[PDB]
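Notes follow the structure.
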Amino acid sequence: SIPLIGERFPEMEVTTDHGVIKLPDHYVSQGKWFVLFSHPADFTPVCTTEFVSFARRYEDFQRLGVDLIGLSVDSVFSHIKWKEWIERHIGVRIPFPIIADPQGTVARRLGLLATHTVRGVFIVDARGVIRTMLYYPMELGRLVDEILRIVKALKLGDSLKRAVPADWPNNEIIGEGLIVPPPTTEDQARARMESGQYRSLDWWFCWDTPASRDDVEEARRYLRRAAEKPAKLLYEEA
Amino acid sequence: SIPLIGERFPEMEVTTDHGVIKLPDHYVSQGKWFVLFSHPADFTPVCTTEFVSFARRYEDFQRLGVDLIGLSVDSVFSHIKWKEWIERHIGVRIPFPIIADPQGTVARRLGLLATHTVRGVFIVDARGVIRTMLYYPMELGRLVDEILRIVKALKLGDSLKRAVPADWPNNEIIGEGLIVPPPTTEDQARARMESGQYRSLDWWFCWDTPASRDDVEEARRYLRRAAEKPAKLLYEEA
Amino acid sequence: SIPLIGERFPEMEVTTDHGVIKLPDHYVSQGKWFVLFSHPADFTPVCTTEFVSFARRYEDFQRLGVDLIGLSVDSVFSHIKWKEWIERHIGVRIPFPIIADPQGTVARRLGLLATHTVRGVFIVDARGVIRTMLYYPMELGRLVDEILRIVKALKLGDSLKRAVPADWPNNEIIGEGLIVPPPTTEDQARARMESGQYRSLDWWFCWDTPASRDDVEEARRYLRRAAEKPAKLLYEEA
Amino acid sequence: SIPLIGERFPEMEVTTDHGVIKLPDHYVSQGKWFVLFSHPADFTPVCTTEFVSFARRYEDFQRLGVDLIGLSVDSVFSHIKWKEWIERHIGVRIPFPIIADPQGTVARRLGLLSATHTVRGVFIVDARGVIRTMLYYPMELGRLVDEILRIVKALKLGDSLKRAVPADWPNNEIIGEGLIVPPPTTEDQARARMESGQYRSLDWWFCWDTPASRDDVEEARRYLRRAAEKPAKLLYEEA
Amino acid sequence: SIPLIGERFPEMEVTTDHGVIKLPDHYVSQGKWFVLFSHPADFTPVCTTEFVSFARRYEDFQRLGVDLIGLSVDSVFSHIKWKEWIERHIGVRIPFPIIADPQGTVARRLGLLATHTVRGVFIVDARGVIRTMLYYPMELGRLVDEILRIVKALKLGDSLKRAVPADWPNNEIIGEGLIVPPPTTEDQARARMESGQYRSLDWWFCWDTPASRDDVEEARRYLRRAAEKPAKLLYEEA
Amino acid sequence: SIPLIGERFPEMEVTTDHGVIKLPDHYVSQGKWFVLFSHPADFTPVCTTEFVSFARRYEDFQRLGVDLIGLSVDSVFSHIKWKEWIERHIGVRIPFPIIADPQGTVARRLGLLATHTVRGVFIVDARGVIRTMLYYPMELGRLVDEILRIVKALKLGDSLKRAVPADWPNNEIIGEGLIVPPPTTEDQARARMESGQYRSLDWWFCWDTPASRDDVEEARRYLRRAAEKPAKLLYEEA
Amino acid sequence: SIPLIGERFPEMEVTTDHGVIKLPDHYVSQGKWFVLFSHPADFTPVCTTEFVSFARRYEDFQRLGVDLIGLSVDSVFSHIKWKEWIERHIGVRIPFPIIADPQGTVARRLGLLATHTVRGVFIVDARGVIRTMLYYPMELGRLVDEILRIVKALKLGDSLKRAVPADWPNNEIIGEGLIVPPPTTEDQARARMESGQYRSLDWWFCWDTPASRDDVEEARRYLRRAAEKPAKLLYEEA
Amino acid sequence: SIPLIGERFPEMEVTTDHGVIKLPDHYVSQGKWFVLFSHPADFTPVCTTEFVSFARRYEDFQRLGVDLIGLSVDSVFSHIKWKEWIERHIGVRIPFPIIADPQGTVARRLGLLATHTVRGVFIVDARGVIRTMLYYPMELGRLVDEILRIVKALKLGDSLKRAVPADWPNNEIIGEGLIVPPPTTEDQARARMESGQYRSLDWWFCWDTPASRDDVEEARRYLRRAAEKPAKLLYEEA
């Protein structure tokens, strides 16, 4: 009963440790994308490593106009305590709201519901539309640099009217090139081939390179960060 | 209407360009994991770049015990023609089966169905259990290296009885450390804290470094490959 | 959809911070009464005062053959952290289990369930039968001594085969007297009056004083404790 | 299928031995609370004891602005004879109504109900007609009526002062007769509280002060003291 | 939804002030008829008169082998108090059981149910068969000697194999005569009319006078008693 | 599904040997009561004896403002032949209508219905409300003088605002006394005991003698007449 | 809702003024045809004229092995009175039974059922099969000699294996001839035509004259009787 | 579900071999009665003899104002060759329409429907009301002079306001007489008796002879034709 890609985020009122809000309206109203991310329970190690990782990438998400909101199946009092614990033992403050979903209404509405099954990432755009969902299970932490690549790429897609190849900006076939959406009629395929404006492998596989140098590099940065062993662990001085 | 993570893969007979087969059974009987990935239709570019990316990493999936299987809503005859085109135009041979799903029976059965919504990666273990799902939209290519990180961390987790923190093996808090599953009783938590046998931040956040440097370095190789600019694009050398 | 007094405690399996148990079986197969008490959420102040008051009366229940089990709509990880907080800050160990009931499954099943409606005390005897149920609002703490007085009285009425007057052992009409359950036939009602064996107000109001001086003193002890201001508040030396 | 705490008391027109009345309306209209209490049947000894016990605390109930209303599964004519019997044989006048529920309609509506033994249940309902507490003692166990007085005093104080009330109040082990500030539910609300410096505190979510007048506190403590004390002079002797 | 004449009296257990009994069984087992008579409520004046009326005629009923049983919407306790008061203030002991029907289950079952509508007399024969029902409203007391007349005429009918004319034993046409059930065939009718064993007005209207002078004087006694103003009223000698 | 005492008599059209009529309206229109009395079939002996009994008392009914109406399961043609036979052979003329109910539609609407079951007297007041029902089985003739007593008694309690005791006007407790309906409040009962206006046994048992001596003696003549052995049987007279 | 030609007569127990019988078995047992004819009510003049016409044709019906049975919506008692009347006033005894169908159960079951629609004649053969049905309205009496012609012609048909032309034995084309039932196949038609064994208008229209001269004149005799002005009206001789 | 007597003929549009007409409107519009007669199939001999007898009487029906209409389960094209064969081989033109009812749509609507069951005669009056229905089986030809007797009697009953005795105009009781519809109240019964305006056997059996001598002989003429052996058969003039 999980929403589909391309569907508006189910209309709902939710309670967070920052107050009551309506989703997706609260983000739509501010012209924001949001990433809603779900966890089975407070005071859990894997999820704690994700909150901290999202927290460290907070400016990267604001820079793209993206808000973060968590969801956990525990009361608003535990959420506050858990957050306090993180800032106190880890030294990292968690600035995003957490939905307090005891009773599991929000999870059930979202099709995530056990509780072990309450995982799940919704990437939602500024029009309220679910654009991507990832469901890593509770024993596997998210790779948060990929979420950042995803919204950065969806945003370049929307703005440049382009589809994005596997492993962009390091596609093995066309590199950092972006794909021109394919023709759907024969006159359109013909006009595109006579047009001679795009690099081509077939009438259904034209591309160009319209992303700017910074955008491409912003997107390699995310992946370099995923790829490098950190200098300095936080357990060292915590 | 998707299968939830944690559930068996739905029992089904399917027709592929390699022959007729039962899922999950055909991979279970081989003690093999499989990554099942879907596509809206043949002779589409974002999908082609994905097949090609999967095909290039194919020995990396063999090494891990993972068989690859495609799904497109188009006939066996299209699938074979689509493949030959890839071999002929890009010089990469696609070695894995694709399910011929015209009519969308398999897709509807998996909750994916439109056709634009026909996307999705099921990562399924050798007992035929769904361990992770990823839904990227048709306009965004998959990051195939993160599929590799995912199965490798998950097989790692299984054989070590450990959870895996965000961004592993480059987690900001514990690096390449792996998480001991949190105690669920008071006695069990007492005893953990008396044992002094793990590095600890609280009774619910213990860890250690039980993975071999082969394991850690193989998982970082994938993220690294993901982050590197290719030397020699396939469209040039095609 | 709550149980009625006089019915079996619903058959169910439940997770507590001491582990999985079957209710009412786990207590029944021991010859123990148990009191199950419910709470909206962890780290809430009224409920904490209740845990403490229960904890302070622990031996009193043991001596009456009564076990205490709590219920809160939060995860076992929260339970255990809330517990440690109490012992650390108030300096009382909470010796009893608390049902981890996120999703509110147990509460729904007992008709308690929004979330604040999760309050309520069940007093279940050693045959599994709900004997008494109290429903205090979350903004009002229970009178724990009244709970002791209920089981003492019930155990007495049960063993001696008598009903127990309002305010017993201090009833304004008959004091520490216990009522003979009234006759339901006219034969019986005449036999009882010609027998001249009870003090009497009418064939339907007959009583005697069958309880020992030790049982009566025990029950006044509960009520005196409820009545007196404690010398030494726990908040100071904390 | 009981009503739930926090739910409005079910609209119903009932017949009592003082006449026909609409609930919660009759009481709400006067800005009064009521305590509704329930009974399997007339001329039963356990119920007669609670009736008398309520009668004796009847002025304590009026000082708190609370009306008392009984329910029993018998006709009005029995309710009246029962009352006359109590007044005659025990020498205590029963001044509150008792709803006549022959046939069980009201009892079924409140979900109390060859049962009837199950017709018990005390609904403490406030002046906005909202159910605030319910208690289910079995037929074989009289209610501690002083504890009902305690609950209404405590609940009226919590409301007027905007406080939660601790276990065993006014004799809580941790904070005695202090009253709890409703906990904060946001991050800023929680920091702000702990910045004000203005409550005694054990954590952001456990704060309290002592705003109940000393008459409030001592009034709630007599209830308990009375409950605990041996009566000088029983009523059956006197008769 | 009342059982009809000729139908078996509904099987059921009821609680009386004489104890629990089974109907119609308890009476059938003994070869006794019964007269169930119902009332809206205890300590009501019409019913009180009717009870006293039945009690005074209790021997008459015993001599016909008819037990009596009352039904009222009030408790066993109330019933017993109502009976003591009748005995104390009217000086008449009420010797038969009254069904305690709190909740009105029994009355609901016999179609009597509000509560005013709980009126109604069932005349039940030794075979468990409802033979006559009368419905006086609560403001009108029954005429109890017509019930004696009723069972006495039915017992004579049963046993003489006869139907009983209006007003018997004082019918205007045939007096104390009794009706032969009419033939239902042309052969039966011809044969009868040739038998000349009966007095006759037509083939469908034959009778004789087979009841004893005792049986006829007994029935007349009940009507005479109905018609006579009692010398001495019970309110007087009270 | 027989109507209840207290309900407005079911609205209907029926056909009788005097023509078509609307019930209850035809009688409400004239401020008249009516007595409807049912019978299995025409040319039956017990029923004939009852038609005749009603016919000799017809003036008594007129005198009370009560009309009479039969119902029998047979056609209008048989009704009329049956009435002619009665007047010709018994020499008594039947003045009142009989409903033709072939099909048994009217009996069915009234719950009477086989056909042996088609017995039943409804006494319906002038506002169309069913006041009393009797169901004598088809082998026992009614006592028509009791039907007269009942309507005289009901009319007197209506006009005087009183209830009528058992056996009135020969009640054993209070003779021709009539009952003041019991008070329903503690207040109303206190005021009434105070007032000194009624003779009294308890607050719920109050009475006076407000019926005129004429009305008393009129009600007693019905019963006297039922008790009298007739001079002159009609079978001989014929 | 009426059964149709060729169906077994509905199985049923019915009460007649001759006693209780089972249809059709009662006639099947005797190898007898029956004619059942219905009437809306007793003491009605058209049906009286029909009963008299049947009665007069009784010996004629019996010689064909036809029993007669009536049905009227009235009681057995009315039926017997009605018949008494016919023999007394007309001088004709009615020998066949008549079903007492008060309530109209039997007629509703036959689809006849107002009551004015309770008309209709069923001709039922000795196997219990409805062979013919006639629905004359209440105001139009049957031509009973046509019923005699139908069962006669039907019986010759069955036994001679032969269809009967319109107006038999006076058909305008073939007179007293009978039709050989048509061949239903090409072969069977050629064969019938090659054999020259039948008079013939076409292969579908073959006929012979196999009926006896007594059989033909018996059928003409019923029609001669239908045509003839009676000598002696029965009301004159009445 | 066949329609019953006195119901309006079902409203419907039918195709015949004279064109598309609406029933019963086509005939109501002319103020004509119609006789509708059904046949299982074309080219069948009993039906052909019935057509021929209808066409011979066609002017007899016209003088009564009766139209004829046939029904058969075959096509217009087959009906037309059937009529042609009848004219050609029998020397008789068939003048009336035959409804082409292939599929058996009209037969089903009318309750006739196997296929052999499609048989049946509806006599329908100038108001479109069904007055008589006749159901002869496939192997038994209708007696058409009896259909004339029926309409003539029926049209006479309507005009003279009289019921028609059995066998009219040769009824054994009252001969050519017609019956006055019976009185249905006791007043009309007596009024009729005392008025002396009718010959009479009892109040319900009153008759006169209003039929004109020409009506009577017309009706006997039909019956005389039905009884006369034809000299000259139509098969021998072929």
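Going through the structure tokens in order, the chains are called A, B, and so on, while each chain numbers its residues from 1 and the ligands are numbered from 1 in the order shown.
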
>> Can you work out which residues from chain A touch chain C at a cut-off of 12 Å (counting only C-alpha atoms) and hand them back as a PyMOL selection string?
In response: chain A and resi 14-15+39-45+72-82+85+100-108+113-116+118

Would you mind exporting the chosen residues as an mmCIF file, in the first residue's frame, restricted to C-alpha atoms?
data_model
loop_
_atom_site.group_PDB
_atom_site.id
_atom_site.type_symbol
_atom_site.label_atom_id
_atom_site.label_comp_id
_atom_site.auth_asym_id
_atom_site.auth_seq_id
_atom_site.Cartn_x
_atom_site.Cartn_y
_atom_site.Cartn_z
ATOM 1 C CA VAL A 14 1.691 14.766 11.759
ATOM 2 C CA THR A 15 3.229 15.577 15.107
ATOM 3 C CA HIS A 39 13.238 4.297 11.543
ATOM 4 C CA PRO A 40 11.667 1.539 13.593
ATOM 5 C CA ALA A 41 12.537 2.859 17.091
ATOM 6 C CA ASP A 42 14.450 5.506 19.148
ATOM 7 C CA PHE A 43 17.789 4.651 20.882
ATOM 8 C CA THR A 44 18.934 2.425 18.026
ATOM 9 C CA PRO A 45 22.498 2.362 16.712
ATOM 10 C CA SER A 72 10.299 7.032 14.210
ATOM 11 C CA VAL A 73 7.793 4.790 15.957
ATOM 12 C CA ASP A 74 8.238 6.260 19.405
ATOM 13 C CA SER A 75 6.777 9.216 21.307
ATOM 14 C CA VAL A 76 7.797 12.870 20.965
ATOM 15 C CA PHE A 77 9.333 12.668 24.496
ATOM 16 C CA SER A 78 11.709 9.805 23.503
ATOM 17 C CA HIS A 79 12.566 11.698 20.271
ATOM 18 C CA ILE A 80 13.620 14.715 22.278
ATOM 19 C CA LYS A 81 15.643 12.512 24.700
ATOM 20 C CA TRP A 82 17.309 10.553 21.958
ATOM 21 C CA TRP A 85 21.641 12.006 23.883
ATOM 22 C CA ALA A 100 6.377 11.073 16.515
ATOM 23 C CA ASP A 101 4.390 8.114 15.253
ATOM 24 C CA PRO A 102 3.581 5.820 18.198
ATOM 25 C CA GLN A 103 0.483 3.801 17.291
ATOM 26 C CA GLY A 104 2.252 3.715 13.864
ATOM 27 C CA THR A 105 -0.628 5.549 12.021
ATOM 28 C CA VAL A 106 1.786 7.485 9.721
ATOM 29 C CA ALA A 107 3.812 4.360 8.889
ATOM 30 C CA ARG A 108 0.703 2.330 8.165
ATOM 31 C CA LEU A 113 3.556 -1.330 8.158
ATOM 32 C CA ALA A 114 6.814 -6.011 13.428
ATOM 33 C CA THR A 115 7.979 -2.361 13.110
ATOM 34 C CA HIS A 116 11.292 -3.765 11.751
ATOM 35 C CA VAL A 118 9.511 0.865 9.215
#

> Using only C-alpha atoms, which chain D residues lie at most 7 Å away from chain A, written as a list in words?
Replying inline: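 That gives residues 185, 186 and 187 of chain D for chain D.
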
>> Let me make sure I understand: if you superpose chain H onto chain E using all C-alpha atoms paired in order, what RMSD in Å results?
In response: 0.3 Å

> Near residue G:208, within 10 Å and counting only C-alpha atoms, which residues show up once chain neighbours fewer than 3 positions away are dropped, as a PyMOL selection string?
Replying inline: chain G and resi 162+174+176-180+197-200+211

Just N, CA and C atoms for this one: save the residues we selected as a compact mmCIF listing (two decimals), in the first residue's frame.
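Resulting contents of out-v7.txt:
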# COMPACT_ATOMS: atom_id res chain seq x y z
N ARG G 162 -50.39 -40.35 -32.22
CA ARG G 162 -51.05 -39.48 -33.25
C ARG G 162 -51.42 -38.11 -32.75
N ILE G 174 -59.29 -32.91 -43.14
CA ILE G 174 -59.02 -34.37 -43.06
C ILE G 174 -60.11 -35.12 -42.26
N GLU G 176 -62.26 -36.83 -39.73
CA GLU G 176 -61.89 -37.65 -38.58
C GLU G 176 -60.49 -38.23 -38.60
N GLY G 177 -59.66 -37.88 -39.60
CA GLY G 177 -58.31 -38.39 -39.67
C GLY G 177 -57.46 -37.91 -38.50
N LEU G 178 -56.31 -38.57 -38.27
CA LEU G 178 -55.33 -38.09 -37.31
C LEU G 178 -53.96 -37.94 -37.98
N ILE G 179 -53.17 -36.98 -37.50
CA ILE G 179 -51.91 -36.64 -38.03
C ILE G 179 -50.81 -37.52 -37.46
N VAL G 180 -49.99 -38.07 -38.34
CA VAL G 180 -48.78 -38.74 -37.96
C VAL G 180 -47.74 -37.68 -37.55
N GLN G 197 -47.35 -45.18 -47.33
CA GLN G 197 -48.29 -45.81 -46.45
C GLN G 197 -49.34 -44.91 -45.80
N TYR G 198 -49.31 -43.60 -46.09
CA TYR G 198 -50.19 -42.60 -45.47
C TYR G 198 -50.76 -41.65 -46.48
N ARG G 199 -51.97 -41.19 -46.25
CA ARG G 199 -52.46 -40.09 -47.05
C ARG G 199 -51.55 -38.91 -46.74
N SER G 200 -51.52 -37.90 -47.60
CA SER G 200 -50.39 -37.03 -47.52
C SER G 200 -50.56 -35.77 -48.28
N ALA G 211 -58.81 -44.34 -35.87
CA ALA G 211 -59.66 -44.32 -34.67
C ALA G 211 -60.94 -45.13 -34.96

> So which one's closest to residue D:95, D:200, D:143, D:83, D:132? Using only C-alpha atoms, please.
Replying inline: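 Using only C-alpha atoms, the shortest distance to residue D:95 belongs to D:83.
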
>> Report as a list in words all protein, DNA and RNA residues lying within 10 Å of residue G:29, evaluated on only C-alpha atoms, omitting residues in the same chain fewer than 3 positions from it.
In response: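 With the cut-off at 10 Å, the set is residues 24, 25, 26, 32, 126, 127 and 128 of chain G.
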
Give me a file of those residues, with N, CA and C atoms, as a short mmCIF file (atom, residue, chain, number, x, y, z; two decimals), in the first residue's frame.
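To be explicit, this is the file written out as out-v6.cif:
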data_model
loop_
_atom_site.label_atom_id
_atom_site.label_comp_id
_atom_site.auth_asym_id
_atom_site.auth_seq_id
_atom_site.Cartn_x
_atom_site.Cartn_y
_atom_site.Cartn_z
N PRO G 24 -50.33 -35.17 -7.23
CA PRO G 24 -51.26 -35.97 -8.03
C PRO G 24 -51.39 -37.44 -7.63
N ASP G 25 -50.53 -37.91 -6.73
CA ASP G 25 -50.39 -39.33 -6.36
C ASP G 25 -51.69 -40.03 -6.20
N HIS G 26 -52.59 -39.46 -5.39
CA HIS G 26 -53.91 -40.00 -5.20
C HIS G 26 -54.57 -40.46 -6.51
N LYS G 32 -55.61 -42.99 -12.85
CA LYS G 32 -56.73 -42.17 -13.25
C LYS G 32 -56.19 -40.82 -13.67
N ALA G 126 -52.69 -39.71 -16.21
CA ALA G 126 -52.47 -40.76 -15.21
C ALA G 126 -51.03 -40.91 -14.81
N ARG G 127 -50.11 -40.23 -15.49
CA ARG G 127 -48.74 -40.15 -15.01
C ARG G 127 -48.48 -38.93 -14.14
N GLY G 128 -49.50 -38.10 -13.90
CA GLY G 128 -49.34 -36.84 -13.15
C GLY G 128 -48.89 -35.66 -14.00
#

> Please, what distance in Å, to one decimal, runs between atom CA of residue H:167 and atom CA of residue G:167?
Replying inline: 17.6 Å

> What's the 8 Å shell around residue C:23, counting only C-alpha atoms, without same-chain residues fewer than 5 positions away, as a list in words?
Replying inline: residues 9, 10, 11, 12, 13 and 14 of chain C

With N, CA, C and O atoms retained, could you export that selection as a short mmCIF file (atom, residue, chain, number, x, y, z; two decimals), in the first residue's frame?
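Once written, result-v3.cif looks like this:
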data_model
loop_
_atom_site.label_atom_id
_atom_site.label_comp_id
_atom_site.auth_asym_id
_atom_site.auth_seq_id
_atom_site.Cartn_x
_atom_site.Cartn_y
_atom_site.Cartn_z
N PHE C 9 -8.45 -12.68 31.21
CA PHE C 9 -7.58 -11.67 30.62
C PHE C 9 -7.30 -12.21 29.22
O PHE C 9 -7.00 -13.39 29.10
N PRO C 10 -7.46 -11.38 28.17
CA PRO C 10 -7.20 -11.80 26.79
C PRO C 10 -5.84 -12.45 26.64
O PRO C 10 -4.80 -11.95 27.10
N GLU C 11 -5.88 -13.61 26.02
CA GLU C 11 -4.76 -14.42 25.63
C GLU C 11 -3.88 -13.60 24.65
O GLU C 11 -4.36 -13.03 23.65
N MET C 12 -2.60 -13.47 24.96
CA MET C 12 -1.72 -12.63 24.14
C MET C 12 -0.32 -12.79 24.55
O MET C 12 -0.01 -13.01 25.75
N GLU C 13 0.53 -12.64 23.55
CA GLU C 13 1.96 -12.58 23.71
C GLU C 13 2.50 -11.14 23.58
O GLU C 13 2.04 -10.34 22.75
N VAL C 14 3.47 -10.81 24.43
CA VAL C 14 3.91 -9.45 24.59
C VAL C 14 5.39 -9.42 24.93
O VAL C 14 5.90 -10.33 25.58
#
